Amino acid sequence: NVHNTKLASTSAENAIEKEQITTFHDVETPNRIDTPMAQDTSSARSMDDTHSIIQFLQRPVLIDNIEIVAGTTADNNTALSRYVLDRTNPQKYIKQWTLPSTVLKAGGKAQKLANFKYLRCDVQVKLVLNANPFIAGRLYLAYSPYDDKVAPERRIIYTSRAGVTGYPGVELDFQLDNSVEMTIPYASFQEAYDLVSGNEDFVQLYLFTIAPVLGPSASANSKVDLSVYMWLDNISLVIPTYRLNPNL
Amino acid sequence: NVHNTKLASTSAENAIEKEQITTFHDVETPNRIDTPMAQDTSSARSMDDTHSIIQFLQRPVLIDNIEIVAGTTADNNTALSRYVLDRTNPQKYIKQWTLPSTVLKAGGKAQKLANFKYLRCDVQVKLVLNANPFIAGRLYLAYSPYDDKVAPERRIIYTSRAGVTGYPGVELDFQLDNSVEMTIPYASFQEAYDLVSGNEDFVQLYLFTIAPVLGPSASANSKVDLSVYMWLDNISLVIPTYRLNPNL
Amino acid sequence: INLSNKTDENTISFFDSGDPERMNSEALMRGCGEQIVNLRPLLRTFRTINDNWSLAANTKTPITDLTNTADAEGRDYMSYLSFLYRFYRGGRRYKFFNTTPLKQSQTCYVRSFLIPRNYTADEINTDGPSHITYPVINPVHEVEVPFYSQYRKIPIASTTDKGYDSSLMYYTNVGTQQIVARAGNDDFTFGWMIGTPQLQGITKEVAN
Amino acid sequence: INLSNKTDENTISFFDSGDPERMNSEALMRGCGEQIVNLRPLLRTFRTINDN
Amino acid sequence: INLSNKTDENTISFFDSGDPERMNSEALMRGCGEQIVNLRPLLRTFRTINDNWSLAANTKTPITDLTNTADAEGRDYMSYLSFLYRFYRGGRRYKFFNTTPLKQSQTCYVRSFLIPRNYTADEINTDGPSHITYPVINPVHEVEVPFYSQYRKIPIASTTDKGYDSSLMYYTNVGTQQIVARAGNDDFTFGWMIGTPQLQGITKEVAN
Amino acid sequence: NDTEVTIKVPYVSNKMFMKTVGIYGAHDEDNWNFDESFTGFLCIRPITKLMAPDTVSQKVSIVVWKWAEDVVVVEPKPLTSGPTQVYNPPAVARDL
Amino acid sequence: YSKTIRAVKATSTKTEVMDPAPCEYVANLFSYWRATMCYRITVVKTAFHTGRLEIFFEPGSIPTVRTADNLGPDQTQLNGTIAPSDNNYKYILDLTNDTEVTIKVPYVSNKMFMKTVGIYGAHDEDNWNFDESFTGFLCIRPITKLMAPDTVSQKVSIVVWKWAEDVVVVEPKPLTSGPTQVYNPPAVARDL
Amino acid sequence: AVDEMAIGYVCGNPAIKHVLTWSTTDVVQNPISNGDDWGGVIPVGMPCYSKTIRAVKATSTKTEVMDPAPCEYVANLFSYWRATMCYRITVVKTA
């Protein structure tokens, strides 16, 4: 009847309101002053769509950027070995990534995971490679579950070139595949990752050298540059909490 | 044909991939190793639904908790004055809340607003009051847009009880309305709030005392305790960025 | 000619041979009598992991004390194949053939209990289901362990949790020596297929 | 407000979870292999009361 | 990969935004009230080229003496836009607002005649059509010059011919000061679209 | 006016089944199984101080009943160090 | 957004010159604008140059090194450490064979119309209108270093064309201190 | 949901067994024997053909090590085999 004013008054004598997380119980339906014939006086809904947390987590993030140079004899250019007789002579890798922590701690995703407890996610990986047409080479990108917690005799390290190449992976040639996409599935034996108590990784990603960088017997131009992008897929954030992982 | 292995190979010679934020252009369709006949080996989707950023922002947050005691003669119990002749004798309030910053800086919402630029939101407010049936009183909860940036002669402070009660608000009686719900609409003259450059508030929420707490001429029991809850409504987060508000 | 480094997916076979399945089936009919097409049947078979496992009398022994080595060795199929995978599920079966060369008491009896994996005997009760045999009338103690798990799958690596799956506890009133053969129940299997490890062959000593 | 001490029988569950029997039956299929729904079967089982 | 340097015409837009015309029309309805879609309307508008143009009494002045600078300046739209084009056609309109601060004679009158472009007053008669105003009752002398041309288009450069298009001659019996605003008739426009020149901004003096 | 609310907490955990050990043998050294025996915890905190005139008690008692629904038990063997044993309270405090 | 200062002489008179495209020439005639900005980013290279280029859009003000007579970008606040592109609309372009991508940027801002002032009179003291004249900025950063053998140039040229679509202009009056003026380059460097 | 325990899925997982180096000096109609053991020659079969000897110490104890692909790992479990052997021969080069 009146305008701009809520007047104290009685109401139904058992009110339960639920707002998206919390549930209120009140003696009587609260007196509520809302806006009459309200409309949206903004244009944000016309600029773009509102991105969910899932969409935010499906955003590619730059993790690493490698620069392999020919004739370096470094672990980045040391080729995969035929045999591994001792743990002092393991298979050398270019880079290693512990997952899924490597992505959760990148791109501002931890901020959108905070205040949650459980997570089921598939990790999506993408390499982008660049090499002048006069440079050749080949790499093998493979993932080993529980490689950091399994016995050494079962690691992708400490086994042979044939074993390594027997792991799930993709051939990355310089003049055939300048880019490769890999999908690592949910790897926990549990029903979901714990983001608060169990700071743990369940799958380790490796980049191996089948053939070293092959270039002319020159210099500074005989090299290859890579960049790794990572995001998540098949996501589910379910149970909220007040606790955090100081490790973010 | 083969298993666990991506083999380097040619592909279509113009590949454009879009992943939810970013757009990749590749020379040829990447060689992708995905999982054959993949299934969800978790139970998170069975525990709860995945909450969007909007839902996270619609979560009630405890902002303040007030305890007014009878016979205190403090600004929390000083009644609204009939006249205001000088700015040295303004209307006294129990609490004041600058919006929407007061909510964005609360409940972990800033973490979910980070990496965004614009926001259109309605603020939802809820008070919950408790007073023994032997205590009486009445308060007026009102919001004044641009009260901190408008001239003093136009402020909800520096005007009269009648003017104050002419502002949009709700009567909060102790024995009739133990809870009140208020909705403040999008208050910026702009098309959306800027979360990075324009650290600003556009509406100030006030809690005024119409009648002071009325109790017996006792003690420690003649008092009233309040708690304020806040969340957002009609939300739109649209444009991403790499910048942050150090003010969170 | 056009400058390019590409892949045309050229494939060739070297002989005008008959259907390989025809020839294979004929060869099986003539020289094998059976056909192995999957490796789970090998987990259904029983294979030896120890020909002489000595026990001390009146001692509750968890079989982990043995399997923790019999799995790294690679002699049985449950171990050899585990090196190809990262997960497993399901229960297990063990058989204990008596090889005791002496009479210890007028009544020798063998008893098996349950126990959470990686536990000790001083960490568990002796209640629950059990199986008892008398090696003199039945020198073969056959027992099955179900998949009593907090998890749908079990990894072959170390975990932070303990007691998340069931195992076997073995008891005897005398000192027994046994041949131990194990296998999987009708529900055991492995998960991811991964690469192979290196294999150990003939060893020789040479007095250089 | 009316002076009273009463009971409105307010009940709440905390999650938008699936049917508990679905999840329970899946968990049994994956990690138990059986289902105990009564305690008489335990009286039908034999358990030790003395080893000597 | 194939050796090549090519162009695939890849195009991308960065937001899932609504139709730009919708948003633009809403913004106009809310904050402009009109819509400018062509630049000829700006030639139909009148804009100032001089706030104080002093004249000497009993002198036939061709307006070229003023426009020849007001076109190079770039202050009005007929000049600013001319720097984007090479041709023009059509007639022009001039308005003269009186700003004379003194009384020179009991009867002040203003008169406008035709004249071929780039001519002098001693090269043309004062016959032909004319317009006369009295600044005391009408201080605004509004006049239009048609497109009396030997050519269908006129360039914005120097020519060998002279008198190939019409212009305005201005006469007054007293010394008048006037605000001059010009524009195009309902038929004026420009031709080729060419590149832009450089623009002049704020100027400062610094006693280094 | 109200006094009561019944609260059902469905089963949520990264495990299909939790442990039945609980506080059995739980202390500073043995504490893992206890944490692994529960899905979480409720906490009862005052949003508003207790309001009571001096004509009534300055305190109230909060009674909590506990039961279970949609129950599933897995292994018919306890997880305990020892067997199931019922405490028979002795006649006096000196007995064992 | 770009202007140079011609300083001539006692004293030193400074006039600022602009290099406008037709869109900028038109915008200078009005007070507020609104449009969809389109950029064609071409690379001048060979078939033996390879690389990956990242073009990402950042909304809002631009990091600037403000001078007494001009404004310019602060390249130190645009590195991958301080300015990650992980939460920015972007397009990663491979140079193996392709050379070109056209990028249309729709209008996004908390204003219905931006200002047409730009760099006019913009410097350390007068800097607000410049920031308020643009919706944001693109940044072109290498994802992968430029790959080139010693048989070709060790560099390439990145050419950027600019035009506008879905254009809207509001007020027929400029926002400038002074009028619209065309720079007529004098005969020599001594003139004014 | 695939059966990873079938022989056709394990023996169908390829692995690298040869990485040879073909130099501009390599003579024609001569096997490329530079870079790896068993150079140029590829014994056709599921069993293993390559092994290295780890010699450690008096005496010198020698144990032989194998580098098996999944097909070889599987074949080692049986006495006799029969199969169609498939080899993918790739060259790492330029245009």
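The record names cryo-EM as the way this model was obtained, at a resolution of 2.9 Å.

The PDB entry annotates chain D as Structural polyprotein originating from Kashmir bee virus. In the PDB, the entry goes by the title "Native virion of Kashmir bee virus at acidic pH".

The name given to chain A in the PDB entry is Structural polyprotein, and the organism recorded there is Kashmir bee virus.

**A word on the sheet that holds strand 9 (residues 166–172) of chain C**
Residue and element names in this part refer to chain C. Spatially, 2-9-5-6 is the arrangement adopted by the four strands of the open sheet, whose pairing is antiparallel. Unpaired on one side and paired on the other, strand 2 (61–62) and strand 6 (130–133) mark the two borders of the sheet. The sheet contact formed by strand 5 (residues 110–116) and strand 6 spans four bridges and is antiparallel. The residue of strand 6 that forms the bridge with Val-110 is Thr-133.

**Considerations on the interface of chain B and chain D**
At the interface, nine residues of chain B touch eight residues of chain D. Buried surface at the junction of chain B and chain D, summed over both partners, amounts to about 620 Å²; 49% is from carbon and sulfur atoms. Of all residues in chain B, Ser46(B), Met47(B) and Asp48(B) bury the most surface against chain D, accounting for 50% of the area lost on that side. Our count for the chain B to chain D interface comes out at zero salt bridges. The tally of links from chain B across to chain D stands at three residue pairs in polar contact. For the side of chain B that touches chain D, the residue count by class is four nonpolar, three polar and two charged.

**A word on the packing of aromatic side chains**
Enumeration according to the criterion identifies 54 aromatic pairs over all chains in this entry. Seen in terms of ring centroids, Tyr146(B) and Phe202(B) are 5.8 Å apart; in terms of plane orientation they differ by 75 degrees. Their pairing is edge-to-face. Of this pair, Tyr146(B) sits in the loop between strand 8 (136–145) and helix 5 (161–166) while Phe202(B) sits in the loop between strand 11 (193–194) and strand 12 (203–214), and the two are 56 residues apart along the sequence. Its relative accessible area of 21% is what places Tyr146(B) among the partly exposed residues. Members of the aromatic cluster, each reached through a chain of ring pairs, are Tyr146(A), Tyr186(A), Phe189(A), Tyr193(A), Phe202(A), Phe87(C), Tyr151(C), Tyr164(C) and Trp192(C).

**Observations concerning the sheet that holds strand 12 (residues 199–206) of chain C**
Taken in spatial order, the three strands line up as 12(C)-2(H)-1(H) in an open sheet, and their pairing is antiparallel. Taken across any chain shown, the strands that pair with only one partner, and hence form the sheet edges, are strand 12 of chain C together with strand 1 (51–56) of chain H. If you compare each strand with its neighbour and ignore which way they point, the axes differ by 20 degrees on average. Sheet topology note: the strand 12 of chain C/strand 2 (residues 60–66) of chain H ladder contains six bridges and is antiparallel. Across the sheet, the residue bridging to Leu199(C) is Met66(H), located in strand 2 of chain H.

**Looking at helix 3 (residues 64–73) of chain E**
Residue and element names in this part refer to chain E. Every buried residue of helix 3 is accounted for by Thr-64, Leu-66, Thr-67 and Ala-70. On an axial view of helix 3, the arc spanned by its buried residues comes to 150 degrees, and they lie on one face. Across helix 3 from its buried face, at more than 90 degrees, point the exposed residues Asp-65 and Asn-68. Its buried side turned inward, helix 3 meets strand 2 (47–54), strand 3 (61–62), helix 4 (77–80), strand 5 (92–98), strand 10 (166–172) and strand 11 (177–184).

**Observations concerning the nonpolar core**
Counting residues in hydrophobic clusters, the biggest one holds 172 residues, and the most contacted among them are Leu205(A) and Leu205(B). Sort the elements by how many residues they give to this core and strand 12 (residues 203–214) of chain A lands first, with eight residues. For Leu205(B), the residues in contact, after removing those within four places along its chain, are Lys95(B), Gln96(B), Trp97(B), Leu99(B), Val125(B), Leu141(B), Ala142(B), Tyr143(B), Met182(B), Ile184(B) and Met230(B). In this structure, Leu84(E), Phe30(G), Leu71(G) and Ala122(G) belong to the second largest nonpolar core, which totals 26 residues.

**Quick notes on the relation of the copies chain A and chain B**
What relates the two chain copies is a rotation about an axis together with a slide along it. Laying chain A over chain B is done by rotating through 180 degrees and shifting 0.0 Å along the axis; what remains is an RMSD of 0.0 Å. One copy is carried onto the other by what is essentially a two-fold rotation axis. When the interface residues of chain A are mapped onto chain B, 100% of them are again interface residues, pointing to one common binding face.

**Focus on the arrangement of the chains**
Between all 20 pairs of chains that are in contact, chains A and B come out with the most contacts. At the level of C-alpha atoms, the two units chain C and chain G stay apart, their nearest approach being 11 Å. With respect to C-alpha atoms, chain F approaches chain G no nearer than 30 Å, and the pair has no contact.

**Here we look at the interface of chain A and chain B**
Each partner contributes residues to the interface: chain A has 84 residues there, and chain B has 84 residues. Buried surface at the junction of chain A and chain B, summed over both partners, amounts to about 7,300 Å²; 50% is from carbon and sulfur atoms. Linking chain A with chain B are four salt bridges, by the criterion used here. We note a salt bridge from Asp40(B) to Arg120(A), for which the minimum N-O separation is 3.8 Å. In this structure, the connection of chain A to chain B is made through 50 residue pairs in polar contact. Across the side of chain A that touches chain B, the residue classes tally to 35 nonpolar, 29 polar and 20 charged. Taken together, the three bridges between strand 10 (residues 179–184) of chain A and strand 4 (residues 31–33) of chain B define a ladder with parallel strand orientation. Paired with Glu181(A) across the two strands is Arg32(B), which belongs to strand 4 of chain B.

About the criteria used
- Residues numbered from 1 in each chain as written, not as in the entry; some residues may be left out.
- Chains lettered and ligands numbered in written order.
- Part of a larger assembly, values for the part shown.
- Heavy atoms only, no water.
- Pairing = 2+ DSSP bridges.
- Helix = DSSP H or I, 4+ residues; strand = E, 2+ residues; numbered from the N terminus.
- Contact = heavy atoms within 4.5 Å.
- Buried area = accessible area lost by both parts, 1.4 Å probe.
- Salt bridge = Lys/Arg side-chain N within 4 Å of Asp/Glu carboxyl O.
- Polar contact = N/O pair within 3.5 Å; in protein donor to acceptor, adjacent residues only side chain to side chain.
- Nonpolar A, V, L, I, M, F, W, Y, C, P; charged D, E, K, R; others polar.
- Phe/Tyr/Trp six-rings, centres within 6.5 Å; stacked < 30°, edge-to-face > 60°.
- Buried < 20%, exposed > 50% of the residue type's maximum accessible area, 1.4 Å probe, protein only.
- Axes fitted to C-alpha atoms, helices over the stretch in contact; angles between N-to-C directions.
- Arc of directions from axis to C-beta.
- Core = buried A, V, L, I, M, F, W, Y, C linked by side-chain atoms within 4.5 Å.
- Least-squares fit on C-alpha atoms.

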